[PDB]
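Asker: My questions all concern the structure below.
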Amino acid sequence: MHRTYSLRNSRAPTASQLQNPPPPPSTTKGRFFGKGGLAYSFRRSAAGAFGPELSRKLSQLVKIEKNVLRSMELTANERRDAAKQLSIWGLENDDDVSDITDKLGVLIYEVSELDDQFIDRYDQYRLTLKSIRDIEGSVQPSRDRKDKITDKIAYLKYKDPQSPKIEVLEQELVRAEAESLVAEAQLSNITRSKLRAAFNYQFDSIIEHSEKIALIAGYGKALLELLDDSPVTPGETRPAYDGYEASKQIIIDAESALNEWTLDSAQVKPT
Amino acid sequence: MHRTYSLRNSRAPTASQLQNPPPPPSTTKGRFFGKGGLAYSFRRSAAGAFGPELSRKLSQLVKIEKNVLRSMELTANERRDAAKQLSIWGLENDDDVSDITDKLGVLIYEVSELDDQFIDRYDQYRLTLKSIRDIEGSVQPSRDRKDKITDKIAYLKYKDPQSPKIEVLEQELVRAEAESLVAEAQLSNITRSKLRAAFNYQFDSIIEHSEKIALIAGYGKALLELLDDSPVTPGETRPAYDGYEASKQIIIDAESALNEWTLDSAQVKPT
Amino acid sequence: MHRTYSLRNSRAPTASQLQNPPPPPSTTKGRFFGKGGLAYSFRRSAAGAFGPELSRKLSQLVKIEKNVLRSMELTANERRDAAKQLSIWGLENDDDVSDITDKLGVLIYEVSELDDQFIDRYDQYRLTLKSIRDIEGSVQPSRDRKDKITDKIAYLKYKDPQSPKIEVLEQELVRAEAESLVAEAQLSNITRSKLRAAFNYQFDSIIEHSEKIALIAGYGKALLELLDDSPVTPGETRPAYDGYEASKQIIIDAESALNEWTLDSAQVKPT
Ligand SMILES: O=P(O)(O)O[C@@H]1[C@H](O)[C@H](O)[C@@H](OP(=O)(O)O)[C@H](OP(=O)(O)O)[C@H]1O
Ligand SMILES: O=P(O)(O)O[C@@H]1[C@H](O)[C@H](O)[C@@H](OP(=O)(O)O)[C@H](OP(=O)(O)O)[C@H]1O
Ligand SMILES: O=P(O)(O)O[C@@H]1[C@H](O)[C@H](O)[C@@H](OP(=O)(O)O)[C@H](OP(=O)(O)O)[C@H]1O
């Protein structure tokens with residue numbers, strides 16, 4: 001980010017900013033959360049009311065991840081809805097405009113399925129991250145008791161060293177210590193392995209979806225060129241338009257290329 | 001989509017589905033709109049209450065586009081918020097886990113700025129699409145009057161052909177016809193040109209953002225490999241971890257590569 | 001269909017639409033089901049009230065197929081009835097008009113027999129499709145019991161593993177499993193074979209009937225040319241008409257050609 005060498009949140013100029021000026025900001029910027037309900041805050045605050053202390057930190061993230069998933073679902077649904085209106089608007093216009101509108105409308109409506117698949121994979125990653133919390137919360141109580149029965153024996157030794165409970169308390173401490181050692185080792189093992197596996201799974205899906213979206217956008221941009229936007233003075237008639245044999249071929253080729261693409265066919269080559 | 005050769009919304013198997021089984025669906029699917037308020041429906045329904053008939057179809061799309069923008073903003077904000085919790089969770093863990101968590105946390109927090117830039121460019125595209133509606137709504141009333149003063153002269157000719165208003169009404173019809181012809185030609189010219197320009201502008205931003213996101217995801221996946229997830233039995237100590245000189249270099253290289261990338265350096269090559 | 005590349009149900013222009021403008025829509029379009037009775041819905045809803053779950057899906061289609069057959073029968077009956085009125089109307093007119101009306105009336109009345117034969121063949125295809133449902137509904141109960149006596153043994157093993165019923169329950173499971181395996185294999189075999197045979201039988205009849213109808217229509221169109229429609233001013237007498245020797249020959253030739261046609265004499269050659 002730009003904060004890593006500046007005291008202000010303003011963004012330093014980049015290659016894109018040098019080539020083209022930064023886009024103007026939004027006309028309206030309301031100073032509101034935009035959630036529209038108390039459900040988000042209630043769910044965020046109710047997680048730690050009764051849960052164990054050790055697993056609270058990770059358990060808090062699951063709720064906000066679910067909120068992210070819901071917001072992405074709403075975004076995808078609304079973007080899918082917009083394509084229908086864009087398509088129907090083209091009925092009362094020229095034939096070329098109507099045809100281009102319909103084809104680009106299905107092309108842009110394609111996005112919703114990719115968004116839904118990405119949402120499902122995000123849900124699986126969230127499920128694994130949730131699965132970590134179960135082992136953490138199971139580990140905590142075994143550690144608590146061993147610590148408590150240590151203060152117990154310390155206090156009882158302070159009160160009087162002639163009590164016969166010293167040896168049994170010490171042996172209970174030894175057994176609890178062995179169990180806690182085993183639990184503590186496996187906890188680190190499991191958290192490392194699960195974090196690595198889940199996070200690799202989550203990182204593959206996003207790049208796959210991004211590459212598919214980029215391919216769809218490129219195909220749409222290639223298709224848009226066929227409009228033949230030329231100025232005409234009043235009193236003239238533009239020639240009849242015939243581009244169905246090109247538009248249909250473009251749509252079929254785009255669908256086939258999107259379907260054929262596989263994981264090993266990734267065009268992006270990071271440096 | 002899969003609807004183009006099937007009667008059911010189910011998706012036909014693809015290369016990705018053949019390689020890996022489809023992800024399991026979400027655990028909960030509530031049968032609700034999810035908007036959380038009547039504002040969306042109210043804004044959608046109030047657009048056509050008083051506006052001209054010709055521009056209503058295009059004016060209806062602006063509101064849903066604004067809703068899409070707001071939902072995307074909420075998604076970006078929540079995803080940005082999640083990274084902070086992910087980062088703070090790593091404090092109470094092993095040193096390697098904490099370091100990897102912090103670095104990948106900033107790497108995944110990077111996404112919000114790209115989302116905001118895409119939102120701004122989307123807003124500019126929406127502004128141009130709005131600008132089309134002004135010319136449409138200005139064109140409509142000029143066309144309405146010429147049609148009305150035609151039924152007027154027709155009715156007055158039917159009533160009695162000896163009235164002296166025939167010639168003045170006919171000439172007013174001629175003048176209104178000339179003005180309507182000019183307006184009708186320019187309307188088509190302007191709508192074609194503006195649609196092409198705005199839609200090219202909108203299609204470039206999405207592919208740029210997708211390529212940047214894919215690069216960030218690839219760099220993060222490359223960074224994640226350094227975890228060295230190996231199983232350890234209880235009673236052993238893992239060697240001290242030293243990977244700061246690699247993690248910091250990876251972060252710096254990723255930031256430099258993201259900054260250096262330009263429009264002409266697009267790796268994606270559509271067929 | 002036209003939905004396979006468009007978001008709207010509107011039909012894209014075709015060769016026929018390019019050659020001739022699309023026909024105007026019907027004058028009246030009532031927003032009603034048109035069934036005229038609750039019998040259709042009652043029969044559709046009563047099929048699954050008590051039947052087995054596996055065969056319900058296929059059993060639901062038989063009722064709607066019977067409804068299709070009844071509607072086709074009503075259509076054929078009404079079309080047959082219309083020819084009688086068309087023929088009787090020609091009595092009070094010119095001799096040539098009366099003769100042409102009678103001959104084309106029998107030619108168009110011919111259609112009803114072909115429709116009845118197609119209906120009978122449709123009924124046979126429906127009978128075979130019904131015959132599939134019997135085997136499906138016989139297969140289901142054999143599968144249900146094997147599954148149930150599995151949950152039974154699982155629960156009884158959970159309750160106490162020292163019961164002596166484990167071995168007898170397990171052997172009953174084994175025998176039911178073998179029977180279910182045999183039934184499951186034969187079910188797939190039978191459904192595939194019956195579907196293929198019935199659907200070939202159903203597809204042959206429709207093309208035969210369509211070819212016969214096309215031949216009849218072509219012969220009628222050829223016969224209609226003999227009317228000699230020419231304009232006449234008042235005060236003149238048209239020459240006496242003599243075309244019985246041509247009309248009777250045309251009717252006889254049409255009947256002979258329709259009778260002689262066989263399956264191997266199909267003129268249609270799909271690409
Ligand atoms: O049906 P409700 O009223 O919505 O409540 C759900 C229920 O408490 C589940 O046990 C819980 O799963 P977990 O115990 O695994 O957390 C889920 O949270 P989740 O969807 O975030 O998993 C809750 O939404
Ligand atoms: O300030 P408010 O109460 O929110 O009302 C705004 C105001 O009516 C603007 O004129 C209008 O811009 P337009 O006339 O150009 O539509 C805008 O719509 P918009 O944001 O969709 O442009 C509205 O949100
Ligand atoms: O005589 P009704 O009162 O009309 O009732 C008939 C009777 O129940 C038949 O057994 C049944 O054949 P199936 O058992 O084979 O279904 C037929 O359905 P069908 O004509 O669709 O075969 C029914 O119409």
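In the structure tokens, chains take the letters A, B, ... in the order shown, each chain's residues start at 1, and ligands count up from 1 in the order shown.
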If we count only C-alpha atoms and set the cut-off at 10 Å, which residues sit around residue C:88, ignoring sequence neighbours fewer than 5 positions away in its own chain? Please answer as a PyMOL selection string.
Answerer: chain C and resi 83+98+101-102+105
Asker: I need the chosen residues saved as a PDB file, in the first residue's frame, with N, CA and C atoms.
Answerer:
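Written output follows (part25.pdb):
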```
ATOM      1  N   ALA C  83     -64.912 -28.955 -41.994  1.00  0.00           N
ATOM      2  CA  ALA C  83     -64.958 -29.249 -43.422  1.00  0.00           C
ATOM      3  C   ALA C  83     -66.387 -29.422 -43.918  1.00  0.00           C
ATOM      4  N   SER C  98     -68.639 -24.080 -56.279  1.00  0.00           N
ATOM      5  CA  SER C  98     -69.215 -25.211 -55.556  1.00  0.00           C
ATOM      6  C   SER C  98     -68.383 -26.474 -55.748  1.00  0.00           C
ATOM      7  N   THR C 101     -65.069 -26.159 -53.966  1.00  0.00           N
ATOM      8  CA  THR C 101     -65.307 -26.243 -52.532  1.00  0.00           C
ATOM      9  C   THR C 101     -65.512 -27.685 -52.091  1.00  0.00           C
ATOM     10  N   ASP C 102     -66.313 -28.454 -52.832  1.00  0.00           N
ATOM     11  CA  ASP C 102     -66.554 -29.846 -52.453  1.00  0.00           C
ATOM     12  C   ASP C 102     -65.267 -30.665 -52.495  1.00  0.00           C
ATOM     13  N   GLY C 105     -62.913 -29.682 -49.906  1.00  0.00           N
ATOM     14  CA  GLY C 105     -63.482 -30.057 -48.627  1.00  0.00           C
ATOM     15  C   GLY C 105     -63.185 -31.495 -48.262  1.00  0.00           C
TER      16      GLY C 105
END
```
Asker: How would you write, as number ranges by chain, the set of residues no farther than 8 Å from ligand 2 when counting only C-alpha atoms and all ligand atoms?
Answerer: A: 27-28; B: 62-63, 66, 127, 130
Asker: Next, write the just-selected residues to a file, as a PDB file, in the first residue's frame, keeping N, CA, C and O atoms as the atom set.
Answerer:
```
ATOM      1  N   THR A  27     -19.992  11.172  -6.489  1.00  0.00           N
ATOM      2  CA  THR A  27     -20.721  12.417  -6.270  1.00  0.00           C
ATOM      3  C   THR A  27     -21.195  12.541  -4.826  1.00  0.00           C
ATOM      4  O   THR A  27     -21.112  13.620  -4.229  1.00  0.00           O
ATOM      5  N   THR A  28     -21.689  11.450  -4.247  1.00  0.00           N
ATOM      6  CA  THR A  28     -22.215  11.448  -2.889  1.00  0.00           C
ATOM      7  C   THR A  28     -21.429  10.463  -2.034  1.00  0.00           C
ATOM      8  O   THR A  28     -21.132   9.347  -2.474  1.00  0.00           O
TER       9      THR A  28
ATOM     10  N   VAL B  62     -30.004   3.092 -13.809  1.00  0.00           N
ATOM     11  CA  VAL B  62     -29.049   3.863 -13.018  1.00  0.00           C
ATOM     12  C   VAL B  62     -29.187   3.544 -11.536  1.00  0.00           C
ATOM     13  O   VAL B  62     -28.182   3.420 -10.822  1.00  0.00           O
ATOM     14  N   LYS B  63     -30.420   3.395 -11.050  1.00  0.00           N
ATOM     15  CA  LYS B  63     -30.634   3.116  -9.633  1.00  0.00           C
ATOM     16  C   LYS B  63     -30.053   1.761  -9.241  1.00  0.00           C
ATOM     17  O   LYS B  63     -29.397   1.631  -8.200  1.00  0.00           O
ATOM     18  N   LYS B  66     -26.332   1.983  -9.098  1.00  0.00           N
ATOM     19  CA  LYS B  66     -25.913   2.595  -7.840  1.00  0.00           C
ATOM     20  C   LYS B  66     -26.001   1.598  -6.690  1.00  0.00           C
ATOM     21  O   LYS B  66     -25.135   1.575  -5.805  1.00  0.00           O
ATOM     22  N   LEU B 127     -21.886   7.567 -14.688  1.00  0.00           N
ATOM     23  CA  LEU B 127     -22.135   8.976 -14.973  1.00  0.00           C
ATOM     24  C   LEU B 127     -22.375   9.203 -16.460  1.00  0.00           C
ATOM     25  O   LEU B 127     -23.286   9.946 -16.844  1.00  0.00           O
ATOM     26  N   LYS B 130     -25.718   7.847 -17.403  1.00  0.00           N
ATOM     27  CA  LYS B 130     -26.717   8.821 -16.976  1.00  0.00           C
ATOM     28  C   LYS B 130     -26.809   9.980 -17.957  1.00  0.00           C
ATOM     29  O   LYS B 130     -27.909  10.444 -18.282  1.00  0.00           O
TER      30      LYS B 130
END
```
Asker: Could the residues that lie within 12 Å of ligand 3, counting only C-alpha atoms and all ligand atoms, be listed as a ChimeraX atom specification?
Answerer: /C:39-40,43-44,46-47,51,58-70,123-124,126-134
Asker: Residues within 10 Å of stretch 221-232 of chain A, please, as a ChimeraX atom specification. Count only C-alpha atoms; anything in the same chain fewer than 3 positions from it doesn't count.
Answerer: /A:96-97,99-101,103-104,107,215-218,235-238,241,243,246-247,250-251,254 /B:185-186,188-197,199-204,207,270
Asker: For a quick check of understanding, using only C-alpha atoms, which of A:198, A:139, A:108, A:213 has the smallest distance to chain B?
Answerer: A:213
Asker: Write out as a CSV table (one decimal) with N, CA, C and O atoms, in the first residue's frame which residues come within 12 Å of residue B:261 when counting only C-alpha atoms, dropping same-chain ones fewer than 2 positions away.
Answerer:
```
chain,number,residue,atom,x,y,z
A,14,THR,N,1.4,6.4,-9.7
A,14,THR,CA,1.9,5.2,-10.2
A,14,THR,C,1.9,5.3,-11.8
A,14,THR,O,1.7,6.3,-12.4
A,15,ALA,N,2.2,4.1,-12.4
A,15,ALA,CA,2.2,4.1,-13.9
A,15,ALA,C,0.9,4.4,-14.5
A,15,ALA,O,0.7,5.1,-15.4
A,16,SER,N,-0.2,3.8,-13.9
A,16,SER,CA,-1.5,4.0,-14.3
A,16,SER,C,-1.9,5.5,-14.1
A,16,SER,O,-2.6,6.1,-15.0
A,17,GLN,N,-1.6,6.0,-13.0
A,17,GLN,CA,-1.9,7.4,-12.7
A,17,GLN,C,-1.1,8.4,-13.6
A,17,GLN,O,-1.7,9.4,-14.0
A,19,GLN,N,-0.2,7.6,-16.7
A,19,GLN,CA,-0.7,7.4,-18.0
A,19,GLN,C,-2.1,8.1,-18.1
A,19,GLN,O,-2.3,8.8,-19.1
A,270,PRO,N,3.6,-14.7,-12.7
A,270,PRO,CA,4.2,-13.7,-11.7
A,270,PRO,C,5.7,-13.8,-11.8
A,270,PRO,O,6.3,-14.9,-12.0
A,271,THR,N,6.4,-12.6,-11.6
A,271,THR,CA,7.8,-12.5,-11.6
A,271,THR,C,8.4,-13.0,-10.2
A,271,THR,O,8.6,-12.2,-9.3
B,208,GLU,N,-8.2,-4.7,-16.1
B,208,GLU,CA,-7.0,-4.2,-15.4
B,208,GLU,C,-7.1,-4.7,-13.9
B,208,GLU,O,-6.1,-5.2,-13.4
B,209,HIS,N,-8.2,-4.5,-13.3
B,209,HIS,CA,-8.4,-4.9,-11.9
B,209,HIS,C,-8.2,-6.4,-11.7
B,209,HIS,O,-7.6,-6.8,-10.7
B,211,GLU,N,-6.5,-8.5,-13.5
B,211,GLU,CA,-5.1,-8.9,-13.7
B,211,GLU,C,-4.3,-8.5,-12.4
B,211,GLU,O,-3.5,-9.3,-12.0
B,212,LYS,N,-4.6,-7.3,-11.9
B,212,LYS,CA,-3.9,-7.0,-10.7
B,212,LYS,C,-4.2,-7.9,-9.5
B,212,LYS,O,-3.3,-8.3,-8.8
B,213,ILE,N,-5.5,-8.3,-9.4
B,213,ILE,CA,-5.9,-9.2,-8.3
B,213,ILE,C,-5.2,-10.6,-8.5
B,213,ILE,O,-4.8,-11.2,-7.5
B,215,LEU,N,-2.4,-11.2,-10.0
B,215,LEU,CA,-1.0,-11.1,-9.7
B,215,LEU,C,-0.8,-11.1,-8.1
B,215,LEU,O,0.1,-11.8,-7.6
B,216,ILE,N,-1.6,-10.4,-7.4
B,216,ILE,CA,-1.5,-10.4,-6.0
B,216,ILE,C,-1.7,-11.8,-5.4
B,216,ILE,O,-1.0,-12.2,-4.5
B,254,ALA,N,6.6,-8.1,-4.6
B,254,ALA,CA,5.2,-8.0,-5.0
B,254,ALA,C,4.7,-6.6,-5.2
B,254,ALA,O,4.0,-6.3,-6.2
B,255,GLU,N,5.0,-5.7,-4.3
B,255,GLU,CA,4.6,-4.3,-4.4
B,255,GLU,C,5.2,-3.7,-5.6
B,255,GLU,O,4.5,-3.0,-6.4
B,256,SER,N,6.5,-3.9,-5.9
B,256,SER,CA,7.1,-3.3,-7.0
B,256,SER,C,6.5,-3.8,-8.3
B,256,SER,O,6.3,-3.1,-9.3
B,257,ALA,N,6.3,-5.1,-8.4
B,257,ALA,CA,5.7,-5.7,-9.6
B,257,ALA,C,4.3,-5.2,-9.8
B,257,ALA,O,3.9,-4.9,-11.0
B,258,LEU,N,3.5,-5.0,-8.8
B,258,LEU,CA,2.1,-4.5,-8.9
B,258,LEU,C,2.2,-3.0,-9.4
B,258,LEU,O,1.4,-2.6,-10.2
B,259,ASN,N,3.1,-2.3,-8.8
B,259,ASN,CA,3.2,-0.8,-9.2
B,259,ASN,C,3.7,-0.7,-10.7
B,259,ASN,O,3.2,0.2,-11.4
B,263,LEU,N,-0.9,-0.9,-18.7
B,263,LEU,CA,-1.9,-1.5,-19.6
B,263,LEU,C,-1.3,-2.3,-20.7
B,263,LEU,O,-1.9,-3.4,-21.0
B,264,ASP,N,-0.2,-1.9,-21.3
B,264,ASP,CA,0.4,-2.6,-22.4
B,264,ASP,C,1.1,-3.9,-21.9
B,264,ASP,O,1.5,-4.7,-22.8
B,265,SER,N,1.3,-4.1,-20.6
B,265,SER,CA,1.9,-5.3,-20.1
B,265,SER,C,0.9,-6.4,-19.7
B,265,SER,O,1.2,-7.1,-18.8
B,266,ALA,N,-0.2,-6.4,-20.4
B,266,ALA,CA,-1.2,-7.4,-20.0
B,266,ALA,C,-0.8,-8.8,-20.4
B,266,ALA,O,-0.5,-9.0,-21.6
B,267,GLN,N,-0.7,-9.7,-19.5
B,267,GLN,CA,-0.3,-11.1,-19.8
B,267,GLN,C,-1.4,-11.9,-20.4
B,267,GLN,O,-1.1,-12.8,-21.2
```
Asker: Provide as a VMD selection string the residues of chain B at most 7 Å from chain C, counting only C-alpha atoms.
Answerer: chain B and resid 3 to 5
